[PDB]
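Every number for a ligand or one of its atoms is a count from 1 in the order of the listing. Excluded from the calculations below are hydrogen atoms, water molecules and symmetry mates; all remaining heavy atoms, backbone and side chain alike, are included. Sequence lines set the chain letters: A, B, ... in the order given, protein chains first and strands last, and positions in each chain run from 1.
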Number of protein chains: 2
Amino acid sequence: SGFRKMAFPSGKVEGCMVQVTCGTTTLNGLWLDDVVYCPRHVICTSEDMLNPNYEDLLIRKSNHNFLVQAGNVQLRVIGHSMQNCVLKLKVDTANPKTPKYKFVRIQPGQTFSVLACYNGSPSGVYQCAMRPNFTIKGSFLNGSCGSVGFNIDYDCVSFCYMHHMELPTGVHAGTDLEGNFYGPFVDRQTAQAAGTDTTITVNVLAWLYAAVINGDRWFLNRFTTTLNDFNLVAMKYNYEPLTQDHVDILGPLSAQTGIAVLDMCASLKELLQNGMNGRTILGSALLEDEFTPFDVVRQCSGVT
Amino acid sequence: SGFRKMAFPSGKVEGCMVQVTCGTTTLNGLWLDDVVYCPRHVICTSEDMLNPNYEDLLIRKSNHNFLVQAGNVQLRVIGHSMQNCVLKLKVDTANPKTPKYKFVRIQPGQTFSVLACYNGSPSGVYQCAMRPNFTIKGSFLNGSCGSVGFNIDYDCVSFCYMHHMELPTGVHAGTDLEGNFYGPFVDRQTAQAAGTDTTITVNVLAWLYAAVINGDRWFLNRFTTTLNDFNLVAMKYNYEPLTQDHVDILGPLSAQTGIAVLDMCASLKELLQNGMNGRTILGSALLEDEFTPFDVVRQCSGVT
Ligand SMILES: *CC(=O)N1CCN(Cc2cccs2)CC1
Ligand SMILES: *CC(=O)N1CCN(Cc2cccs2)CC1
């Protein structure tokens, strides 16, 4: 029992982190097979970041300008290319610690673990979600760019995020490993505002199921609702509309607990309308939305 | 920017986890050098757990009864002994992935990362604190016992916790790596109630400093207080008394922010007396107490 914000074990990703330096800019890179992946803004000076022409800046760079260090060992760069907003540095040595991996582009509401790194050295691991506005709420200082986000299925790491940027509101923007930003963000030091940070309704419901499974039940009530009725409430409280697809995904948690999805929606509706009245759920005083239904089943079943 | 509940990267500990089976009981063990450490209740049947005599139960066990598997490879057990509530299984092979390590016994209010494991296989990593009542609030299913808690200083893992038990209230009890329980708990299926779960005041103050550093400032006020005045409030709200030692430890965060410790105590006093009025601090609707002052400095400075 107990339910915690839990990250994937990070060792498989730790084995892939390197330092990349171009001129006097240092950030992190991801070494899989004989390619190192890093944000293309490694080629920029702070001056360049105002309005960079990355194709033009990259012409002035050679293989020998990209200093790639894996712990204390230098890697030999034998090619480089730009793919969207990432550079791919071909090195002469396959990473011997390369795990089974995939590159995935995640949808808003999906969760992933971040291995925050500085100078190719892991500092910490925490759990994130791709927000509906395509930001993430991370913990990233200067030098953390190129840190990645991932999920693990048994022995296969699915990399879904590489860190590129901070918005003035303190939320985070990155790319997938094809270098395509999540959302409308660009790797330029310009006016970029996040849209509405809407709450991931299907995740809140999953977490309420987690709460019941782990003994927190005070918020269960005598009510039910409908998807359309619930969605009137979701709209008012800047929650994502609940769809039958979301109901279908919560089916296993419904089955395990014997609480119909729409009955849990009626509990959530009352929590939205009445607040928590100074009470807590799984140690939280607000409605937690960064556990997916898959996360809840995993943590409640002990998958490795 | 951003401030997240962050665990240590877990790879160094992942390399140490093994499965231990005695008869039909399977849990986790920690393989450092040529010793595997595990809870002594691995020798028990559920029957035995009511009132176990571990010295008497252990007489019926031989080296060959302890099945130790490191991934898919069996380890050869060449000795066993009991130290307090842990068994030490001597194996014929030093773990080649043994990190630099120490065994430390932590104090209440100290934080650590847990690598939750099942059948010697890591499932997840999360951050914990040793509570003032010597429980931890973890996420542990049957089979998770022997999962450990640790801190990392650069390249040295300090192991401070091994998981043994759940209290009926859903909080967790374990030992250090000498097998001595934190608090009054015993490895027996008996009436064990946790004492008051008091709030770790010095950690809340650290986290309020983290909040200011990361742009959350609404709770800063025009007031100051004294240690004795603040402590009258702490007593009323089941907070740990604040000492000059705690004030001294917050000195660096005081210095960095220019907010005197006793001024931050006056902010905390008003938050205790008035609540959050439906507002949040670093994404929390309650006062977070599982970041130490060292944690805040680390995450705010990007230590690896
Ligand atoms: C994440 C990180 O390390 N940094 C330092 C580099 N900096 C480059 C810029 C990208 C867009 C605006 S400036 C980003 C933050
Ligand atoms: C943590 C874990 O794996 N388990 C299974 C074994 N169980 C033994 C007991 C210890 C005291 C009471 S029963 C503990 C939970």
Side-chain angles (χ1 to χ4, degrees), chain A residues 1-2 19-22 24-29 38-52 54 85 114 116-120 123 136 138-148 161-168 172-175 181 185-192 302, chain B residues 1-2 19-22 24-29 38-52 54 85 114 116-120 123 136 138-148 161-168 172-175 181 185-192 302:
Chain A
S1 202
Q19 181 187 82
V20 184
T21 301
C22 188
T24 61
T25 308
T26 297
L27 41 60
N28 305 282
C38 74
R40 58 172 182 178
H41 70 226
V42 72
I43 71 179
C44 297
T45 73
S46 69
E47 311 88 78
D48 291 327
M49 289 316 310
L50 213 151
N51 188 29
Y54 285 101
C85 299
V114 174
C117 295
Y118 300 87
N119 304 111
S123 64
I136 74 177
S139 177
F140 293 118
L141 305 172
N142 287 340
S144 66
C145 278
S147 296
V148 297
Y161 181 87
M162 174 168 276
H163 188 49
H164 286 242
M165 198 158 68
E166 191 155 57
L167 302 179
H172 294 115
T175 67
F181 267 88
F185 304 109
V186 296
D187 48 1
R188 185 191 173 203
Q189 175 146 303
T190 188
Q192 307 185 64
Chain B
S1 202
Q19 181 187 82
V20 184
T21 301
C22 188
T24 61
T25 308
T26 297
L27 41 60
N28 305 282
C38 74
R40 58 172 182 178
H41 70 226
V42 72
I43 71 179
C44 297
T45 73
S46 69
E47 311 88 78
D48 291 327
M49 289 316 310
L50 213 151
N51 188 29
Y54 285 101
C85 299
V114 174
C117 295
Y118 300 87
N119 304 111
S123 64
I136 74 177
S139 177
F140 293 118
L141 305 172
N142 287 340
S144 66
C145 278
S147 296
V148 297
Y161 181 87
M162 174 168 276
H163 188 49
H164 286 242
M165 198 158 68
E166 191 155 57
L167 302 179
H172 294 115
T175 67
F181 267 88
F185 304 109
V186 296
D187 48 1
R188 185 191 173 203
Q189 175 146 303
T190 188
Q192 307 185 64

In this structure, CD of A/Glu166 is separated from SG of A/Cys145 (nearest 0.5 Å) by 9.0 Å
side-chain hydrogen bond (donor to acceptor under 3.5 Å, both in side chains) between B/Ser147 and B/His163, worked out: CA-CA 5 Å; B/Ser147 296; B/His163 188 49; over 6 Å; no
A side-chain contact here means heavy atoms from C-beta on lying under 4.5 Å apart; do A/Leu27 and A/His41 qualify? yes
Donor-acceptor under 3.5 Å (A/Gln19 side chain, A/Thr26 main chain): no
Hits for side-chain hydrogen bond (donor to acceptor under 3.5 Å, both in side chains) against B/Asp48, two or more places apart or cross-chain, chain-then-number order -> B/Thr45
Nearest 0.5 Å please: distance from the SG atom of A/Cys38 over to the CD1 atom of A/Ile43. 9.5 Å
Name each N or O atom in ligand 1 that is under 3.5 Å from a protein N or O, and give the partner atom and the distance.
| unit_1 | atom_1 | unit_2 | atom_2 | d |
| --- | --- | --- | --- | --- |
| ligand 1 | 3 (O) | A/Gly143 | N | 2.8 |
| ligand 1 | 3 (O) | A/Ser144 | N | 3.3 |
| ligand 1 | 3 (O) | A/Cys145 | N | 3.1 |

